[PDB]
């Protein structure tokens, strides 16, 4: 009636805690949310959130002057994607050995930590958590 069975499509309300090990041989589907925009200076960030983890991808093409260590203010990352402590996303520029990193903070105003730049193709795919407390300055 209101029990869960070993057959049948079923919906199960309630907080369920599995003290043991759980295997899922089919798919596991959670809510997701995606977002994409130009942080600034021609740099695009694409985000997809699943639980407390965010999958990101840096894209775009530098098309204007970005000062060293500067904030990107064309577009902020919406709050629902913003982490509690700053996350430094390490990226690489095409065609050389140049690396950079973009901080995304709780405010969503991203900050470019490479040197001053006005050209090039930044790239980088990874993830960052939403709620990983850095614990101690």
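In this text, rigid core is short for the largest set of C-alphas that superpose within 1.5 Å between two forms. Numbering follows the first chain given and starts at 1.
In 5 other deposited structures of this protein, superposed by the rigid core, the C-alpha atoms of 23-31 lie farther from the shown form than the other of 93-101 and 23-31.
Look at the C-alpha B-factors of 75-83 and of 26-34. On average they run higher in 26-34.
Set 2-10 against 126-134 and average the Cα temperature factors; 2-10 ends up higher. Placement of the Cα temperature factor of residue 63 within the chain: middle third of the modelled residues, per the deposited record. When the CA B factors of the chain's modelled residues are split into thirds, the value for residue 40 lands in the lowest one. The PDB entry assigns residue 19 a C-alpha temperature factor belonging to the highest third of its chain's modelled residues. Compared with the other modelled residues of the chain, the Cα B-factor recorded for residue 106 ranks in the middle third. The entry lists a Cα temperature factor for residue 69 that places it in the lowest third of the chain's modelled residues.
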